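Student: Structure of the sequence below:
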Amino acid sequence: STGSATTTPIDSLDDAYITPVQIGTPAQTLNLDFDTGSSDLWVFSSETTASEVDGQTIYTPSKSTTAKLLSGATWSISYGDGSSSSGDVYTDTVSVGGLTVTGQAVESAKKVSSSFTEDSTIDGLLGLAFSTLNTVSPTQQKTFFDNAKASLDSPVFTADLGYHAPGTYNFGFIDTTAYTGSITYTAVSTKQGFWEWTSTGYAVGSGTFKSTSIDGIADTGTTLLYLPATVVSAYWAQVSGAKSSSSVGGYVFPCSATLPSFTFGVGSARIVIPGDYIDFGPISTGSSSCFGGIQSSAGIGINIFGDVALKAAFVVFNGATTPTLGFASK
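Tutor: Residues are numbered from 1 along each chain as shown. Please see the structure below:
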């Protein structure tokens, strides 16, 4: 089997992407944030504290003839950005782009943090990291991909995120028309539960490539590119007037600037992030200070190849017995 679904930016900055997902019988379609940095499929629901729901579409398990309470199971998750959610668990039928999994754990939120409430466009998350990170207790549950894997034509999914435009998540096949040149594959460590890999270096604009190992995670659920402070300083030093602002929470730059590109290495291959992908616009409405899309990972504890990086590539998440990651230009 295979599946193919369009993923759409939630706003004009590509702060996140939503993908429609069918849950239950009859189908209830929710728009979920596919997150290769976590491993829970959780939704706003009829059980979510009423004051914490503000415009989201909810899953109502009592209206699904295939929903079953997973007795005694609870979940609770905290994300890198400080947001969180928790609740209980149902199993139900879940379909993405024509690919159906029966008996998928659907984690129903009883509580969500303010950042989730305030984002009316995201109805929940669909985790695509390794199932070892799933938070369901006392019986850990499998991700949608892990459940689908054996049925897929090939045990892979791909992320093709757009810049200020829709893109595609495919399951079970590689669309050879969706990228240019060849796909370069690189080793993955699953030791921390992430799609963790080592970039071979970077360049700023038309500058020379610096060969240096940068360990990090491919994370579709993180907006920006978080890299070591040395790398990030070298980038912003090429933008007149750019500075790190502790009050704002990162590097800012004059909105009048033209940003240089940023290149990262994948083995001997190179992925080029155009300068415009690094512009996240005014820090507040009407400001001439703009927020940068490349930020320091210092004090995160891990480097994160988030959407800024991934949307410059066609990315293969290869879930074979020995997982790997592939990157192509597009």
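
Student: for the residue nearest the centre of the chain, what are its contacts?
Tutor: Centroid check for the chain by CA atoms, centre = their mean gives residue 220 as the closest residue, at 1.8 Å. By CB atoms under 8 Å, 6 or more residues apart in numbering, the contact set of residue 220 is 17, 34-37, 128, 159, 161, 306-307, 310. All C-beta atoms are positioned from the backbone trio N, CA, C, and that covers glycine.

Student: distance of residue 173 from residue 155?
Tutor: 11 Å (CB to CB, to the nearest Å).

Student: what about those two, which has more around it?
Tutor: A count of neighbours by other CB atoms under 10 Å puts residue 155 above the other of residue 173 and residue 155, at 19 against 16.

Student: in this structure, which spans are helices?
Tutor: Secondary structure of the chain by DSSP state H: the helices cover 114-117, 144-148, 229-236, 307-310.

Student: Return the most buried member of the ones you listed.
Tutor: Compared across the helices of the chain, helix 307-310 shows the largest average neighbour count, a mean of 26 (mean count of other CB atoms under 10 Å).

Student: Give me the residues contacting it.
Tutor: In contact with helix 307-310 (CB under 8 Å, 6+ apart) are residues 14, 16-17, 159, 161, 218-220, 222-225, 264, 271, 273, 277-278, 293-294.

Student: With stretch 282-292 instead?
Tutor: Under CB under 8 Å, 6+ apart, the answer for stretch 282-292 is 236, 242, 248, 250-257, 278-281.

Student: Could you pull out the buried residues of it?
Tutor: Buried positions in stretch 282-292, judged by neighbour count with 16 or more other CB atoms under 10 Å: 283, 289-292.

Student: dump the residue contacts of residue 128.
Tutor: 34-36, 39, 143-145, 157, 220, 317.

Student: right, and residue 281 touches residue 11 too?
Tutor: No. In this structure residue 281 lies outside contact range of residue 11 using CB atoms under 8 Å: 10.0 Å.

Student: more crowded one of the two?
Tutor: Between residue 281 and residue 11, residue 281 has the larger neighbour count (other CB under 10 Å), namely 13 against 10.

Student: Which of the contacts of residue 128 fall within strands?
Tutor: 34-35, 157, 317 (DSSP state E).

Student: want to try TSV for those, with neighbour count and distance to residue 109 as columns?
Tutor: Compiled in TSV, the ones in strands among the contacts of residue 128 are given as follows (neighbours: other CB atoms under 10 Å; distance: CB to CB, whole Å):
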residue	neighbour count	distance to residue 109
34	25	17
35	21	15
157	28	24
317	23	26
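
Student: about what we covered before: and of the contacts of residue 220, the nearest to residue 119?
Tutor: residue 17 (12.5 Å; CB to CB).

Student: Could I get the full set of strands for the stretch 1-150 of the chain?
Tutor: 3-9, 17-23, 28-35, 41-43, 68-78, 84-96, 99-112, 124-127 (DSSP state E, counting those that start in this stretch).

Student: Adjacent strands (with direction) for the first one?
Tutor: Next to strand 3-9 in the sheet, as set by DSSP bridges, lie strand 17-23 (antiparallel), strand 167-171 (antiparallel).

Student: Turn these into CSV, including distance to residue 98 and mean neighbour count.
Tutor: Converted to CSV, the strands paired with strand 3-9 look like this (distance: least, CB to CB, whole Å; neighbours: other CB atoms under 10 Å):
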stretch, distance to residue 98, mean neighbour count
strand 17-23, 9, 22
strand 167-171, 9, 22
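
Student: what about the ones you listed, which gets the closest to residue 108?
Tutor: strand 17-23 (10.3 Å).

Student: what's the distance between the nearest residue to residue 149 once chain neighbours are set aside and residue 2?
Tutor: Closest residue to residue 149 apart from its sequence neighbours, by CB to CB, 6 or more residues apart in numbering: residue 155 at 4.8 Å. Look at residue 155 and residue 2: by CB to CB, they are 12 Å apart.

Student: How about residue 44?
Tutor: Distance from residue 44 to residue 2, by CB to CB: 28 Å.

Student: Can you tell me which of the ones in strands among the contacts of residue 128 is nearest residue 65?
Tutor: residue 34 (26.3 Å).

Student: how about the strands of the stretch 201-330 of the chain, start to end?
Tutor: For the stretch 201-330 of the chain, strands defined by DSSP E, counting those that start in this stretch occupy the ranges 210-218, 225-227, 243-245, 250-254, 262-266, 269-273, 279-282, 289-292, 294-296, 303-305, 314-318, 324-328.

Student: Ok, which of those comes nearest residue 83?
Tutor: Using CB to CB, those put strand 303-305 closest to residue 83, at 15.3 Å.

Student: list the contacts for the closest residue to residue 159 other than its chain neighbours?
Tutor: The shortest distance from residue 159 to any residue other than its chain neighbours is 4.6 Å, reached at residue 315 (CB to CB, 6+ apart). Residue 315 is in contact with 158-160, 218, 325-327, counting by CB under 8 Å, 6+ apart.
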